[PDB]
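So here's one chain in two forms, each on its own in structure tokens, numbered structure 1 and structure 2.
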Structure 1
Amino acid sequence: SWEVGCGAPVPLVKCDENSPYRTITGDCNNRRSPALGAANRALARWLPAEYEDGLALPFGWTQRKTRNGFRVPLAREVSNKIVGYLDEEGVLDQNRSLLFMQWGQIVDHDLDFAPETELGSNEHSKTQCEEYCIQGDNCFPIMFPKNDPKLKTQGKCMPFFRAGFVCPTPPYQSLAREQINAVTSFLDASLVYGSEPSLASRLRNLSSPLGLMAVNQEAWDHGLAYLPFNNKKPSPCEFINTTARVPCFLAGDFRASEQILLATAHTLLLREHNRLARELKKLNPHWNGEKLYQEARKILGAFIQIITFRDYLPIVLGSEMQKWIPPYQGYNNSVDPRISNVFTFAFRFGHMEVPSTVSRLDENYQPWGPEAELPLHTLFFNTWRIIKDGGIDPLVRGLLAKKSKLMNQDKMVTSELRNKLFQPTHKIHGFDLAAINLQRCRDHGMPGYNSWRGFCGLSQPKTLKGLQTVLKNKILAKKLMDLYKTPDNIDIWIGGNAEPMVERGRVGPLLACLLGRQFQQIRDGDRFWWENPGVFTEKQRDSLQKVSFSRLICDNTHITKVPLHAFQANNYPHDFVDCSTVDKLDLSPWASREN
């Protein structure tokens, strides 16, 4: 609320109700309600927002005001007391590859983005926030607690800007602040293509009628394509190594260059689109560029859907997969397709799956050169290590043969993210993602832990003893109670991640329920779901069923050896097979003549 830095450009389109293609914005998916799921609308609220003043001020804004009669603990202080740990030994997930973590970030970026308020460029507001740690309007700084080492080294706070929100509209009667989702709620490869028509065009190759995406014209990966550079300045990716001065990539998603392995995945996906287009041009020489672009975009969309539901969700949701996502029963035009506010915090479980280092491996999956293993923080906004240090293949190999971090109640978020995160506007490897997540929960008016437990029909701990029983962990419960006084006040991000994981899964009960429900809706509420009859032919669906991430790698790199199950932990060579033995996508069902 209170208008400063609100709104987004929602472009009005008349719906082509008969198009076999998704729109870019996500409009027209739901025929009765064409905006449901579209980009640049409010996140859905599963429960009403909870703000200090009932409208817009986050809990923790006014020093005097309590939450349920208790002060809320500083976000950095929760992080120090609970989230950090020293020893990386034994922290790794023994049955999940690094690809597990990375795929999660990909799915997340496809579904939701809540950009920070653009106070504008040229800001004295940035100055008053960063330099003076002054709370006001969109500046909601993360203040360091007493004895924080960052006090001695960084200042009084980390700057933090409140998320973007829907503008008050002409009733202007009083409503709670609603944050915006800038990307389409459908699992539709929007992170590749854009959620905005203008960028979508700019990303395409329109010089040729071949339906390709634009590729870098200054650099190649042993003949294979790189994303175009983003030429907007100043560039964080340039900042981190001004000698090398390699800019960030330009993708369908703003966040693509945040870390080297995300940039990698974005590259594999772009390569795939162009491969699909070239193949379809071979099968159908008469098809034009629009047709080629749309059809390859349509396939790549389904590819993301299949990998997520067949390979990813089962090993996240474990024993709960069946309870939340039973066999598909066809498109339901009454299901809300929109991403919920709470989901965007629930999906941040992946922050506990990121390890402290990244490795480049050679063709024998051995350490590549003398600086094979790098600390994670050196790779935020890092495109030079790709362009000028060996391409994507060495990184892809580590994705396959290295492991995700396991979530650990005693070892939650690695120091690389908890102390050394680099933010694109700022200049220091000095931020705390865990403190940011907690602050952001408050920013977004998140109801508290016991609110969500109830939403999910789970017991709601009220005492230390009750929480110890929920957490199966005495010390964690006690530290939580000392900080929060009441489990009612525990911020949803820390609360949900504190729970021991469900059987065969990588999240606890509360999170399994929140994620499960959202993924159910994402499938059932999508008119272009790949399994919705008429979206693909039957023969095409039979082809699609054979897609795998291993094939994507084989088709789009010079790696010739891959595991069959890329998401589990795999060791070279025993678990790797030659690419020739891996199922391909058969495109013959897309062949199209007139006779």
Structure 2
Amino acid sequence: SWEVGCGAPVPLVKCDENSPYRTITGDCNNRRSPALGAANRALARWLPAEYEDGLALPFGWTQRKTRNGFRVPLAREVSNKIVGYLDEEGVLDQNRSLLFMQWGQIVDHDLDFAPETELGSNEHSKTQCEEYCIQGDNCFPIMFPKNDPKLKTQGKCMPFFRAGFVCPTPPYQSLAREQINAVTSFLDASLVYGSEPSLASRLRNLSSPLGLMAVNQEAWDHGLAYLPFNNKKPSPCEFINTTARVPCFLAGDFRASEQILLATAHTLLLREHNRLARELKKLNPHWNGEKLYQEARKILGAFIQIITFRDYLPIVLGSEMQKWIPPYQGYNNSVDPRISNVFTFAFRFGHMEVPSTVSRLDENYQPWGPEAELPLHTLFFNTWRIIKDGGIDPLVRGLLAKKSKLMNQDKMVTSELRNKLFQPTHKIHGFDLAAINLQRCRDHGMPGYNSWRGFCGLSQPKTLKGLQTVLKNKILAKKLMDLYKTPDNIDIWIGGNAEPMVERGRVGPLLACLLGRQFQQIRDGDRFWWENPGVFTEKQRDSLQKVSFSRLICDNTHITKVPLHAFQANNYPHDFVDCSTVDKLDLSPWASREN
């Protein structure tokens, strides 16, 4: 029946109709249905959850209950036999910079986050999911297949805890278990400011009346601000170099310090806030903090929307962009603005775009110091390499002049993430991002590959040759069906990402359909989208259309040469221009007079 009710881990929020800015939580964006898009609600289902028992237990749970008549292959076996590779030569994308990979993680972290259940803290369950590898409740461990090298050096499993879900959190029964989205579904810069108002206030400098964002007081980057430290322990950023004991950064997203370039990108966005806030004050000295914060928070929001929709999505989706994301026709309040559960896996295409090294580049874009180049795995929850070894300018340079990994059917995920992922809670650089994603698809009751081909109106192959024709890869198709036995059983993550790339893009048909459809929804379903008439003056909107990631860098670093298109492959000095050449974001149209 109409179980439209279910939702009692939530207060619900009286909406002040006339309010001219967004909520932190995303409530009230939709007037008829205010909870839509808002953080700490269920991920939308584009298709019914598919669970071993049609309730919550994930496929592969019971050593006995098949899927369509076959055992599901161990997550890690799939990783080992399909996802892995050795030779990092020839893998880099000759036309996408590292910034391409980085903006994908930024946009993702803005849109969706299903955290693990935090019941299991104040409990041994953490430690003997770890050691004993005993599957129970929300401990869903990743078992190693026969002849797995980790069998020798790491024990029997890598640990894994199930995603948080709505209404209950420990107790029984489900209409069908729906995982939570802990951040606002609207592309709203929620990774900068927060999705809970608790954390949002905590990120603000309320001392000044300038509605500035809080900055580091311990340490500075040639005068330019850093994020404030998360001063609460344990800190996995302390754990990786105790000598340095430099904690993780505090941002509106929990994951800001997962890797050193995400915290770099976060730090550019913060400075952009305070830059905007204290520039408005010059222009409009009467405006209090609450109006400096919100009016700068409103511009950062739109910057992200422009860069995403004008520069990112076009070079991800390619041929397929215009079919899914045609010109803006205005707010449709009948559009579902929610992130879907499948999208949180479609957007994980990013993982095959991450290369095995990160470089630091001097003012002539040459190797900075004698360890200019570092293995990615040494940069998980690494904040000290920024604070005690050069700042962000050397790191932002690499972002511009180093390349993304090109996704590759026989070189899918670098060993840096497939074998040497660091998890915040555990103690080894020993985890497998790829096997994690596969385990997680099952945890979330993901429909198989063909259900989603069906969904997007593409062929549902049932044969080895049917699958050879789609993946355009005799060996990949052979390897997949040796594991899954039917294309119906192939986990959506590796299904989507196995397809060749659509033209002038970096995803195959299935993922372009899933991704395109969600960004279409994120735009059309937002009352506060920057092009939506009313939100901005005409004069503001012509002055916002000239933003660039190039611009953002020039204004928030001591870097002076930048490419005109920061996402394509740009070599120094040919493709780099001076900063007096880009186009500033002019805020003349933001002048409040008086009465």
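In this text, the rigid core denotes the largest set of C-alpha atoms whose superposition between the two forms falls within 1.5 Å. All residue numbers here follow the sequence of structure 1, with the first residue given the number 1.
**OP:** Can you spot, among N364, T463, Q217, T169, the one with a CA shift of 2 Å or more between structure 1 and structure 2 after core superposition?
**Re:** It is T169.
Original post:
After the core is matched up, is the C-alpha of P589 off by 2 Å or more between structure 1 and structure 2?
Top reply: It does not, since the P589 C-alpha is displaced less than 2 Å between structure 1 and structure 2 after the core fit.
Original post:
Quick one: once the rigid core is lined up, does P573 have its C-alpha move by 2 Å or more between structure 1 and structure 2?
Top reply: Shift at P573: below 2 Å after core fit.
Original post:
Any CA movement of 2 Å or more for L12 between structure 1 and structure 2, core superposed?
Top reply: Yes; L12 is a residue whose C-alpha shifts (by 2 Å or more) between structure 1 and structure 2 when the cores are overlaid.
Original post:
Relative to the superposed core, what is the Cα shift for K232 between structure 1 and structure 2, in Å?
Top reply: Shift of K232 at C-alpha, rigid core superposed: 1.1 Å.
Subject >> Per-residue CA shift, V396 (Å; core superposed between structure 1 and structure 2) >> reply: Value for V396 between structure 1 and structure 2: 0.2 Å of C-alpha shift.
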